[PDB]
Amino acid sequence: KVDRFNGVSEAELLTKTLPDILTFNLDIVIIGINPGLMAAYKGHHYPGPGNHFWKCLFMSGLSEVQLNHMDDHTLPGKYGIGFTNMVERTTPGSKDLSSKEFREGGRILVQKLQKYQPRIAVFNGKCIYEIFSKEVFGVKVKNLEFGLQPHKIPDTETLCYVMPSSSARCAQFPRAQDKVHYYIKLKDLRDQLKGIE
């Protein structure tokens, strides 16, 4: 047997959850799919050694230095970035989640975005915006695209911005370099919004 969790069983991790890191007046909220086994283990956001999130945040210039999962609580105050996930339940990957779990997650998520009202709701994963869009805007497009979406969160000025998941599981964007374009465009969108203020 291969022990990847310092003697903590996978069964124990599957019952753990990952806390939200949300405040008012945030520029960005990063919305993941659900916690993976490493996030459940660490209790911090994107600790996976191969996950591209922290590398892309630095490569794009959203952080001035390369940060890691232990810095996630400093992001609202220092960078104006918060975190949540569409689904609370921990699983090894996105493929283990049911349709009902996603739609329950969607209803909870739209309520959270209506409370905190960040300038930008960032969907870290195309799959969660496909569900969100059909559930909240009642819109299903044949070719959903990444980047800025044409619908604001209902009863708010919060924009929806979609990126490919920072998980290294997706072969279509094999490296952090292949996803950094979306983080740079996210940065440009943030700077443009703050410019109008």
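Heads up, when I say rigid core I mean the largest set of C-alphas that superpose within 1.5 Å between the two forms. Position 1 is the first residue in the sequence shown; the rest follow in order.
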Please work out whether 65 to 73 or 43 to 51 has the higher root mean square C-alpha deviation in 6 other deposited structures of this protein relative to the shown form, with the rigid core as fitting region? 43 to 51
Could you say which moves further from this form in 6 other deposited structures of this protein, stretch 84 to 92 or stretch 104 to 112, by root mean square CA distance after aligning on the core? 84 to 92
Looking only at CA atoms, which has the higher mean B factor in the entry: 29 to 37 or 148 to 156? 148 to 156
Assert higher mean C-alpha B factor (41 to 49 or 131 to 139, deposited values) equals 131 to 139
Given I21, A11, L18, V180, identify the residue with the highest C-alpha B factor in the PDB entry. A11
Entry-reported C-alpha B-factor of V65 relative to its chain, by third, is highest
Thinking about Cα B factors across the chain, which third does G125 belong to? lowest
Assert third(CA B-factor, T90) within chain per record equals lowest
Check where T84 lands among this chain's C-alpha B-factors and tell me if it's the lowest, middle or highest third. lowest
